[PDB]
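In: experimental coordinates follow, after the sequence.
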Amino acid sequence: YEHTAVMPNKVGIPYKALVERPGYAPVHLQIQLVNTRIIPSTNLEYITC
Amino acid sequence: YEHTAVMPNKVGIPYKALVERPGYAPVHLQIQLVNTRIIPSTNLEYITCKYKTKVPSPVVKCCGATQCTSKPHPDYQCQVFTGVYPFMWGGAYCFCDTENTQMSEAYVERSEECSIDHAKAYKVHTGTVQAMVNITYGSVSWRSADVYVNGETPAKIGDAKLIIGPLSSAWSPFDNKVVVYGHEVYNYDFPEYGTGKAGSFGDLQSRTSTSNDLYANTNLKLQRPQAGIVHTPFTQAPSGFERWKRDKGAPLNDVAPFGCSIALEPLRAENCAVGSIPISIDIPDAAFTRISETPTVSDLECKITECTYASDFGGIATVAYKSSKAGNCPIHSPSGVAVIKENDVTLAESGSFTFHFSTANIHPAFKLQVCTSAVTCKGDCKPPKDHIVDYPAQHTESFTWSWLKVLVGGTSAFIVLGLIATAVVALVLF
Amino acid sequence: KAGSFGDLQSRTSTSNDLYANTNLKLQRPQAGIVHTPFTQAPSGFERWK
Amino acid sequence: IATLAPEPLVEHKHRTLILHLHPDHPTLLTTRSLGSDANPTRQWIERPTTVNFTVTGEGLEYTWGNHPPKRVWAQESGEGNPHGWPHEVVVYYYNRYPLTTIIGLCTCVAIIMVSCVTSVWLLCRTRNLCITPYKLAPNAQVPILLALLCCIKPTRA
Ligand SMILES: *[C@@H]1O[C@H](CO)[C@@H](O[C@@H]2O[C@H](CO)[C@@H](O[C@@H]3O[C@H](CO)[C@@H](O)[C@H](O)[C@H]3NC(C)=O)[C@H](O)[C@H]2NC(C)=O)[C@H](O)[C@H]1NC(C)=O
Ligand SMILES: *[C@@H]1O[C@H](CO)[C@@H](O)[C@H](O)[C@H]1NC(C)=O
């Protein structure tokens, strides 16, 4: 039942998928990507002023 | 109503057949062959174990010879020796220098471990297999009885009389010759009592533990003690019981076929799932319910709702029960396609009650006999995801058409088109 | 994965939080004696050396 | 008071146990494919090793040292035969039967080649015929060429 799901990157809205496990009752999702903060790899090269 | 039934040999799962006695209400079975312990016919041929060169203390004649004799001890190795000067606590003690004689003697004897830590050979014949068959029968709901396989033995434990086998699957996982060790059982071609080459398995060969006589081919060869000192060089192969514990083969409870477990207990080979068993029972007629007391269920409907194409009872199906009275109703699929968890379903006046089951064909077209009312629970099933736990309840795999029916009918249509092209040439010909 | 490299995964040395997939499975102590069966993969830092 | 080897890491695959494994000491692992084909295995494992076991339909058992013997249902996991495509989803039926489908398909490929060449002869011979009665008279006024339409071109009659 490991519910793989392609999923649009968009922040402020849930994505209520559905678990179709064969055998037991299905269960809904509610996946809201509340944030997409990134934090790339960087380097402080020089301050200027 | 003596319900004969061929029945697969497989241990840990019931076999809920259905008694179709003409005249009274049918009754379900629940036959779970909880065990398949075997206990072949055998013979203790010889214990073996590692020797102990329990040297008798050598003679030392000081001036002249001491002829040895071949005492009857097992592998009584004895060799006279001269040319010593035996340092014993005061330097030497025998005042001669070549007439100093030393007679070394050593025989083989069972270790103290031979009583307890010992391999054990056997000539193994077939014997007769057993089982603690539970039947939580009908409304009886219980009997857990030990039975046999030979096809005329009853066992009237509970209320039902039941005759089992003989099974068709005569594979004794034991070979003819077997060695046994504590719990690890080895289907080994042990050489024999009386013969075993030294170093090889069975260098010591005692009939039993008590048996003072034995066969000890250990290649025990005494050598002369060194430089005029008292001791006993015994040059000997460490036992073929020493090896056979660290250069051995693997155990039959780890290399057998067709699914067996083992014990150093009556020498059974438990739970050997293979083949079928022609089982037949004589139910107590008192346990029957007459037909005019169970609800008639016809004018019903059955359908799957979430069929799981699987082992665990994932298949389900509602049934639009259309009863006459209200009560219980034993159920079974006479087709082996579907195996059902529920033996019995309770019924109000024409309600609906889902049951659980398991199948192996994508389109399970299995009949369901709800207490004398058949129905096809046709449908379609879904594969699962999560397959690493013990053994199934399905055990019904067979041949399981989307490109075969009109395909091969189409394949035929090419060659069917032939003899309607040919012999129409005969018409154009005339 | 436990046993594999990075069974323990701490952000840094100070970081009290971490990820420890070690497959640590406690078993019951034997025959009425005080002790703690911890059944565990020696680390993927033990191997990797 | 005696030995025990650290628990295994069970990993699923299609009728196959990957087992990343990591003992304390050399551990004799062994199994018994419970078919009447036993096909057992033995190997002392001291070095951590990801191993594999072709589990069958009916079951296998697994003995991580003197840790008790495990057991495993490996029925399918290759998804049977649902259907909404033409044939690339039939791999599901192949992935469950990669012994009988290779021959069962080649059988299905064979019989169509049988049904091909038999259809070749019992068309082309019968196309060679029904023109030999017709295209030898060569006027041959019969507009029921419309039964072969592989040997063609009447004479406007
Ligand atoms: C008879 O066939 C049965 C097939 O399932 C099995 O019998 C099982 O025996 C168990 C022990 O007697 C029962 O467990 C107990 O059930 C009660 C009622 O549910 C619980 O209160 C108990 O806690 C529970 N015991 C434990 C230790 O959990 C099973 O209920 C019972 N099976 C059924 C269906 O009732 C056996 O396979 C077989 N009996 C044998 C071989 O003795
Ligand atoms: C499966 O295990 C075997 C070891 O017998 C190995 O050779 C093979 O690469 C493994 N396959 C995997 C991990 O996909």
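Out: Perfect, I can see it now. Numbers count the residues shown, from 1 in each chain, chains lettered A, B, ... in the order given. Ligands and ions are numbered 1, 2, ... in the order given.
In: could you identify the longest helix within chain D?
Out: In chain D, assigned by DSSP state H, the helix with the most residues is helix D:100-120.
In: gap between it and the chain center?
Out: Taking CA atoms, centre = their mean, to the nearest Å, one finds the center of helix D:100-120 at 15 Å from the center of the full chain.
In: kindly report the same for stretch A:9-26.
Out: 12 Å.
In: quick one: end-to-end distance for it.
Out: End-to-end distance for stretch A:9-26: 25 Å, by CA to CA, to the nearest Å.
In: ok, which stretches of chain D are helices?
Out: Counting by DSSP H, the helices of chain D are D:91-96, D:100-120, D:126-128.
In: ok, residue A:26 touching residue A:17?
Out: No - assessed by CB atoms under 8 Å, residue A:26 is found out of contact with residue A:17, at 10.2 Å. Bear in mind the C-beta positions are built from the backbone N, C-alpha and C, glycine included.
In: these two: who's more crowded?
Out: Legend: neighbour count by other CB atoms under 10 Å in any protein chain shown for residue A:26 and residue A:17, higher for residue A:17 (15 against 11).
In: contact partners for the residue most central in space within chain A?
Out: Taking CA atoms, centre = their mean, the centroid of chain A lies closest to residue A:33, which sits 4.7 Å from it. Contacts for residue A:33 (CB atoms under 8 Å, 6 or more residues apart in numbering or on different chains) come out as A:7, A:9, A:10, A:11, A:15.
In: with distance to residue D:2 and mean neighbour count added, can I get the helices of chain D in JSON lines?
Out: Listed next are the helices of chain D as JSON lines, based on distance: least, CB to CB, whole Å; neighbours: other CB atoms under 10 Å in any protein chain shown:
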{"stretch": "helix D:91-96", "distance to residue D:2": "42", "mean neighbour count": "18"}
{"stretch": "helix D:100-120", "distance to residue D:2": "46", "mean neighbour count": "14"}
{"stretch": "helix D:126-128", "distance to residue D:2": "82", "mean neighbour count": "19"}
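In: contacting residues for the closest residue to chain B within chain D?
Out: Chain B sits closest to residue D:122 of chain D, with a gap of 3.1 Å, by CB to the nearest CB. If you count contacts by CB under 8 Å, 6+ apart, residue D:122 has them with B:415, B:417, B:418, B:419, B:421, B:422.
In: and it, how far from residue B:416?
Out: Distance, residue D:122 to residue B:416, by CB to CB, to the nearest Å: 10 Å.
In: so residue D:83 sits right up against residue D:89, yeah?
Out: Yes - Residue D:83 is within contact range of residue D:89, at 5.9 Å (criterion: CB under 8 Å).
In: not counting sequence-adjacent ones, nearest residue to the residue of chain A found nearest ligand 2?
Out: Nearest residue of chain A to ligand 2 (CB to the nearest ligand atom) works out as residue A:2 at 19.2 Å. Sequence neighbours aside, residue B:385 is the residue nearest to residue A:2 in space, at 7.2 Å (criterion: CB to CB, 6 or more residues apart in numbering or on different chains).
In: tell me which element that neighbour is part of?
Out: Here residue B:385, judged by DSSP states H and E, is contained in no helix and no strand.
In: picking that back up, and which of the contacts of residue D:122 is nearest residue D:32?
Out: Here the nearest of those to residue D:32, counting by CB to CB, is residue B:415; it sits at 48.0 Å.
In: against residue B:408, how distant is that closest one?
Out: For residue B:415, the distance to residue B:408 - CB to CB - is 11 Å.
In: show me what the longest helix of chain D is packed against.
Out: helix B:405-416, helix D:91-96 (3 or more CB pairs under 8 Å, 6 or more residues apart in numbering or on different chains; DSSP states H and E).
In: for residue D:128, find the nearest of those.
Out: helix B:405-416 (17.7 Å).
In: residue A:29 is in contact with residue A:20, correct?
Out: No - using CB under 8 Å, residue A:20 makes no contact with residue A:29, being 11.3 Å away.
In: who has more neighbours, these two?
Out: The residue with more neighbours, out of residue A:20 and residue A:29, is residue A:29; 14 against 11, by other CB under 10 Å.
In: how far away is that one from chain C?
Out: Distance of residue A:29 to chain C, computed by CB to the nearest CB, to the nearest Å: 24 Å.
In: and the residue nearest to residue D:38 when sequence neighbours are not counted, its phi and psi?
Out: Nearest non-adjacent residue to residue D:38, counting by CB to CB, 6+ apart: residue B:257, 3.7 Å away. Dihedral pair for residue B:257: phi -90, psi 180, per degrees, to the nearest 10.
In: so how far is residue A:29 from residue B:257?
Out: 47 Å.
In: would you mind measuring from the residue with the largest distance to the centre of chain D to chain C?
Out: In chain D, the residue that sits farthest from the middle, by CA atoms, centre = their mean, is residue D:139; the gap is 56.4 Å. Distance from residue D:139 to chain C, counting by CB to the nearest CB: 86 Å.
In: do residue D:131 as well
Out: Noted for residue D:131: a distance of 74 Å to chain C, by CB to the nearest CB.
In: look up the closest residue to residue D:26, ignoring the ones flanking it.
Out: Per CB to CB, 6+ apart, closest to residue D:26 is residue D:46, 3.7 Å.
In: the residue in chain D positioned nearest to chain C: neighbouring residues, count only.
Out: At 3.4 Å from chain C, residue D:22 is the closest residue in chain D, using CB to the nearest CB. Per other CB under 10 Å, the neighbour tally for residue D:22 reads 29.
In: so it touches residue D:5, yeah?
Out: No - the criterion here is CB under 8 Å, and residue D:22 misses it with residue D:5 at 9.4 Å.
In: ends of stretch D:15-26, what's the gap?
Out: End-to-end distance of stretch D:15-26: 27 Å, with CA to CA as the criterion.
In: which residues touch that stretch?
Out: B:388, C:1-4, C:41-42, C:47, D:3, D:5-6, D:8-12, D:29, D:44-46, D:48-57, D:60, D:62, D:64-65, D:72, D:74, D:76-78.
In: need the buried ones from those selected in PyMOL.
Out: Provided next is the PyMOL selection string for whichever of the contacts of stretch D:15-26 are buried by 16 or more other CB atoms under 10 Å in any protein chain shown:
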select buried, (chain B and resi 388) or (chain C and resi 1+2+3+4+41+42) or (chain D and resi 5+6+8+9+29+45+48+53+55+56+57+60+62+64+65+72+74+76+77+78)
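In: just the ones of the contacts of stretch D:15-26 in strands?
Out: Those of those mapping onto strands are D:9-12, D:29, D:44-45, D:49-54, D:60, D:62, D:72, per DSSP state E.
In: name the nearest of those relative to chain A.
Out: Nearest member of these to chain A, counting by CB to the nearest CB, is residue D:12, at 10.2 Å.
In: any idea how far residue D:15 is from the residue in chain D that ligand 2 sits nearest to?
Out: Residue nearest to ligand 2 within chain D: residue D:52 (3.0 Å; CB to the nearest ligand atom). Residue D:52 sits 11 Å away from residue D:15, going by CB to CB.
In: for residue D:89, same thing?
Out: 19 Å.
In: which one's more surrounded, the two?
Out: residue D:15 (20 against 15).
In: circling back: my understanding was that the residue nearest to residue D:26 contacts residue D:29; is that so?
Out: No - counting by CB under 8 Å, residue D:46 stays clear of residue D:29, with 10.9 Å between them.
In: which strand residues bridge the nearest residue to residue D:41 once chain neighbours are set aside?
Out: Leaving out its chain neighbours, the residue that sits closest to residue D:41 by CB to CB, 6+ apart is residue D:31, at 5.2 Å. Taking DSSP bridges as the rule, residue D:31 bridges to residue D:41, residue D:62.
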